[PDB]
Amino acid sequence: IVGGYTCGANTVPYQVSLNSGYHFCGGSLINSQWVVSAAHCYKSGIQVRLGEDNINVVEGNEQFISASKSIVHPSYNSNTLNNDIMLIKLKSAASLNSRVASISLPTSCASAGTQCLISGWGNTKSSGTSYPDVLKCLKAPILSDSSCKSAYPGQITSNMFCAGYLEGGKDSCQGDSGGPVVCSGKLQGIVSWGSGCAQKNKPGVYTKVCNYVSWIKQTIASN
Ligand SMILES: [Ca+2]
């Protein structure tokens, strides 16, 4: 997260860290045994880390649970990043409390102008690299479908929306991938891709979760 703020320990209780020896992606807890992330975060040997603030220090509210199964969306296209979503089932159910909680799935798609909260442990600098150890937050609006398509000609599908600032300065970045975009208490997006970070006229692009509610629900009900 570039140009964000320090969230505060456990103020984003649905945020998860995916770990394969090191943090490599974010995700969101949607019930006691399932995590949603980006399909481009796929790999084998994932451990899901819940209740994290400082990802380098054991602070007392963590739960570490291995993944038992990962399901990449059936139509994921790694070249275009269309359908950039994936579900991960946990080996055992998480213990839900005030600091580890699920986030509701949306019943309707959010409109442009809606203010959202984006969070992650990604790079905080638009040139160079500095990776934070504690969770960073960003308030950003959803941008109009027309300004999004004008920023990225030929690359935006109906499964994507843009959020952020056309002036630049504030954005998600490398290592925020797979993390949540939450608007009015509902999971509306997944950190997917961008052109660099926080560059002028290049806002971040996010997977449009409201398009996938039926697939998520049916997948969970049968796995
Ligand atoms: Ca920790």
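Residue indices run from 1 on each chain, following the sequence as it is written; they may not match the entry's numbering, and residues absent from the coordinates are omitted. Hydrogen atoms and water are omitted, and side-chain values are computed over all heavy atoms in the structure.

Looking at the method and resolution fields of the entry, one finds X-ray crystallography and 1.8500 Å.

A look at the pairing of strand β9 (residues 136-141)
Here is the rule we go by: Each residue gets one of three labels from its accessible area relative to the maximum for its type: buried under 20%, exposed over 50%, partly exposed in between, using a 1.4 Å probe on protein chains only. Comment: elements are numbered from the N terminus, with helices defined as DSSP H or I runs of at least four residues and strands as E runs of at least two. When DSSP finds two or more bridges between two strands, those strands count as paired.
For β9, a buried count of five out of six residues is recorded, marking the element as mostly surrounded by other parts of the structure. Pairing analysis gives two bridges linking strand β1 (residues 5-6) to β9, with the strands arranged antiparallel. Residue pairing for β9: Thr6 is matched across the bridge by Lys136. Relative to β9, strand β8 (residues 115-120) is paired through six bridges, and the arrangement is antiparallel. Along β9, the bridge assignment pairs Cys116 with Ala140.

Brief notes about the sheet that holds strand β4 (residues 34-37)
Stated precisely, the cut-off is as follows: To define axes, lines are fitted to C-alpha atoms, for helices over the stretch in contact only, and angles between the resulting N-to-C directions are given on a 0 to 180 degree scale.
Taken in spatial order, the six strands close into a barrel running β2-β3-β4-β7-β6-β5, and their pairing is antiparallel. Direction aside, neighbouring strands of the sheet carry axes that sit 40° apart on average. Of the pairings in the sheet, the one linking strand β3 (residues 23-31) to β4 comprises three bridges and is antiparallel in character. By the bridge assignment, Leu29 is partnered in β4 with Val35.

Quick look at the coordination of the calcium ion
Ideal geometry at a metal gives 109.5 degrees between four tetrahedral donors and either 90 or 180 degrees between six octahedral ones. As a reminder, the rule being used: Distances define the donors: N, O and S atoms within 2.8 Å of the metal qualify, as do those within 3.2 Å of Na, K or Ca. Water is excluded, so some sites may look unfinished.
Taken together, the protein ligands of the calcium ion are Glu52 (OE), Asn54 (O), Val57 (O) and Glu62 (OE), with distances of 2.3 to 2.4 Å. Counting gaps between the donor residues of the calcium ion yields the pattern E-x1-N-x2-V-x4-E. Here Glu52 and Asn54 have matching classes, each one buried.

Some points on the domain arrangement of the protein
Applied cut-off: For every domain, the bounds stem from an assignment made automatically or drawn from a database. Residue contacts follow a heavy-atom distance rule, with two residues in contact if any of their heavy atoms lie within 4.5 Å. The buried area of a pairing is the accessible area, by a 1.4 Å probe, that goes missing from both parts when the two are put together, added over both. Just to be clear on terms, a salt bridge is a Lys or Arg side-chain nitrogen sitting within 4 Å of an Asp or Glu carboxyl oxygen. When residues are sorted by character, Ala, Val, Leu, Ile, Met, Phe, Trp, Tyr, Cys and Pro go into the nonpolar class, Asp, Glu, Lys and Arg into the charged class, and all the rest, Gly among them, into the polar class.
Per the domain assignment, the segments making up the protein are domain 1 (5-7 + 103-211) and domain 2 (15-102 + 212-221). The centre of domain 1, based on its C-alpha atoms, is set 18 Å off from the matching centre of domain 2. The partner domain 2 presents 32 residues to the 28 residues of domain 1 that form the contact. Taking both partners together, domain 1 and domain 2 bury about 2,300 Å²; carbon and sulfur atoms supply 58% of that area. Of all residues in domain 1, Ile103, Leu105 and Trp121 bury the most surface against domain 2, accounting for 27% of the area lost on that side. Run the count over domain 1 and domain 2 and you get zero salt bridges. Elements supplying a minimum of two residues to the side of domain 1 that touches domain 2: β8, β12 (186-193) and β13 (204-208). The element contributing the most residues to the side of domain 1 that touches domain 2 is β12, with five residues. Of the residues contributing to the side of domain 1 that touches domain 2, the split by class is 14 nonpolar, twelve polar and two charged.

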